[PDB]
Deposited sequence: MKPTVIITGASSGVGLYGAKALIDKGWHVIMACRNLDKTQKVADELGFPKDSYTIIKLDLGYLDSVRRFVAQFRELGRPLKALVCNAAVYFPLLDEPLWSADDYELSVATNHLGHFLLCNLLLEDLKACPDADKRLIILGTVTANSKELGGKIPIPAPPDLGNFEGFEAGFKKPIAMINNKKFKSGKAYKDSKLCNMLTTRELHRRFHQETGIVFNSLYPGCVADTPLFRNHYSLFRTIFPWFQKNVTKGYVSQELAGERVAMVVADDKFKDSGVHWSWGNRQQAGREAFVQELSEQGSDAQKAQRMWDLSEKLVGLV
């Protein structure tokens, strides 16, 4: 069998072009996507050969969808060599929070909590795969420590998580909703998750747990509308990596020999090994409760 990789959010941007690059390298890509009609359309638009991918429904904003995705993946009987947590949402300048299917603020629910559950469930599949080289890659932040969200992340003491994170709670630190900061908070949780996966499981399983910053992928829909609004107001600036190159960088960190060290953040590659350590442990323990692992 072709080596098998799951990519969340493969119907757009980095995920789509990562799928393209991995198909080109001889992998079978599981396009783990929420909109099946869209996903099929875009695969066909790029000429993806149907013998090299499978589309399976996944809605990261619905924890039971995550569980069903895993079950449906397992029915294929393909051993899992790699997982890429790529999917994300961002709601620019959104004054009132949106809610997941589980009544969790939608940015954190989708970007972090769904992935957090997915990683924990699929750890069994990665363990069962007999390959020596198996990898779990999380799409992260620029650095392991503007575009166009000025606000830094701040998880506080996870007061929002501690109180159970249900609506009307809207931020991890239980302060007032800010949609840009909500995105940044979620991405920091992605980075902390990578740190914790490595710490908890690398020695026991041999699986490689790394994070990736592919570059500023300015053409994707994620930040596109925010950037165009910014340029409309401040017309003082010129209009960076292509989607295709960002995808090729995903493919490298999944498949290539140079990227076999675990517990690092690959940035464009620059390499950074991993109080973030203490915060990461708390993020982990509380996230388990929120996603029903305990």
The answer, as deposited-sequence ranges with no C-alpha, is 146 to 151, 246 to 250, 280 to 284, 291 to 298
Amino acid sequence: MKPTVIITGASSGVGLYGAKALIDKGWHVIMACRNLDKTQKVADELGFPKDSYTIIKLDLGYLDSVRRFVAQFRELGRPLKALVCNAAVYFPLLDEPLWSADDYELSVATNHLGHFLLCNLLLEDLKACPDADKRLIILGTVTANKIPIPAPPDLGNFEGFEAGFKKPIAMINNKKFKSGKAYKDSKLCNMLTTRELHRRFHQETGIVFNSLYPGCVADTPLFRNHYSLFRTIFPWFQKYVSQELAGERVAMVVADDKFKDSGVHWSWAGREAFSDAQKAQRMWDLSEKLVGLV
From here on, numbers count along this sequence of modelled residues.
Taking the deposited Cα B-factors and averaging over 53 to 61 and over 246 to 254, the higher mean is found in 246 to 254
Of 281 to 289 vs 9 to 17, the stretch with the larger average CA B-factor in the entry is 281 to 289
Entry record, C-alpha B-factors for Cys119, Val142, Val108, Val84; the maximum is at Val142
From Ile147, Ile172, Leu192, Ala101, the top C-alpha temperature factor is at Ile147
Tertile call for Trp266 (CA temperature factor, within chain, third-based) is the highest
Of the three thirds of the chain ranked by Cα temperature factor, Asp219 occupies the highest
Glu204: CA temperature factor from the record, placed by chain third, in the highest
By the entry's values, the third containing the CA B factor of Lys260 is the highest
The third of the chain into which the C-alpha temperature factor of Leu76 falls is the highest
